[PDB]
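S.K.:
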Amino acid sequence: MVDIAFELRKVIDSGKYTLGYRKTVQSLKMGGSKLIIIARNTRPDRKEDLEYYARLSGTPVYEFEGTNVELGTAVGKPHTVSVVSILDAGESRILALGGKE
Numbered sequence: 000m001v002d003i004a005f006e007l008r009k010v011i012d013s014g015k016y017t018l019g020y021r022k023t024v025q026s027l028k029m030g031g032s033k034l035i036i037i038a039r040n041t042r043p044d045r046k047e048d049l050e051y052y053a054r055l056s057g058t059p060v061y062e063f064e065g066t067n068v069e070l071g072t073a074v075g076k077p078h079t080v081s082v083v084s085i086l087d088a089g090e091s092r093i094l095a096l097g098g099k100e
């Protein structure tokens, strides 16, 4: 099984990513995202926007089961994180989270 938080740490190490609503939306409009990972309790309007832009751009979405609190801890930040945008998977298996085509 992929350990999500452990694969996030591998992305942080060897891949490329960005965090939060504004930068994630940019990454989708500009086509740099490979996958977005959305916190379960992301503010609904922002969540809807993220899902909308992911669909629009054909970028896969994984729904993180935990909170924005837990997602921040996963990525080594002291603050909540609503969404992680994977720009490059590096040596991780993070893209497996994208699920079925």
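According to the entry's author numbering, the residues represented by the sequence shown are 0 to 100, in order. Just so it is clear, CB atoms sit at the ideal spot from N, CA and C, and this is done for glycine as well.
(1) Determine, using beta-carbon pairs with one atom in the stretch 80-94 and one in the stretch 16-23, whether at least three such pairs fall under 8 Å.
(2) Pairs of beta-carbons, one from the stretch 8-15 and one from the stretch 88-100, closer than 8 Å: are there three or more?
(3) State the Cα-Cα distance for the pair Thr66 and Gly31, rounded to the nearest angstrom.
(4) Less than 8 Å between the C-beta atoms of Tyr51 and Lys28, yes or no?
(5) Work out the CA separation of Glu6 and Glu69 for me, nearest whole Å.
M.R.: So, to answer that:
(1) yes
(2) Enough Cβ pairs lie closer than 8 Å, so yes.
(3) 25 Å
(4) no
(5) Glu69 and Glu6: Cα-Cα distance of roughly 15 Å.
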